[PDB]
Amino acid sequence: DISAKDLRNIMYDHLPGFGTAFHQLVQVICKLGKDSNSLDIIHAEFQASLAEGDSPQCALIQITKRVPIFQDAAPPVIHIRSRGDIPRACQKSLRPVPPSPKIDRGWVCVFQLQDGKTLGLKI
């Protein structure tokens, strides 16, 4: 069976740049997919979207809209020490956390900083 690491690497293979918000979205998709035994359907949706001619970015967003574990789901909370732990290419995508963020509305994750600060990653 495909593993979370395998799928992460497969998805990364299609993305430009490094440590971008889409890379973090792959991390989130793979974590939540692993936790709900859904990596196979996620991989299949990813490949099908690519096969129809969608960009890999569009394919990842479509996974957040078409795979049921992400539908109306809140972004996962990831504990980090400070803003510096977040990759450079993600920094401009960090935003104040809104009232009810949802993964399928583009809120990838919420970083909970050691000093109590909180930042959402937005696509």
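Note that residue numbering follows the sequence shown and begins at 1. Take the two forms, superpose them, and find the largest set of C-alpha atoms that agree within 1.5 Å; that set is the rigid core.
Visitor: Superpose on the core, then say which of 79-87 and 56-64 ends up with the larger RMS Cα offset from this form in 5 other deposited structures of this protein.
Guide: Most displaced of the pair in 5 other deposited structures of this protein: 79-87.
Visitor: 19-27 versus 96-104: which one carries the higher mean Cα B factor per the record?
Guide: It is 96-104.
Visitor: Going by the B-factors listed in the PDB entry, is the mean over the C-alpha atoms higher for 54-62 or for 69-77?
Guide: According to the entry, 69-77 carries the higher average C-alpha B-factor.
Visitor: Using the B-factors in the PDB entry, rank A4's C-alpha atom against the chain and give the third, lowest, middle or highest.
Guide: Within its chain, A4 is a middle-third residue by C-alpha B-factor, going by the deposited values.
Visitor: Is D85 in the lowest, middle or highest third of its chain when residues are ranked by C-alpha B-factor?
Guide: CA B-factor rank for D85: highest third.
Visitor: Please place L113 in the lowest, middle or highest third of its chain according to the CA B-factor in the PDB entry.
Guide: For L113, the deposited C-alpha B-factor lands in the highest third.
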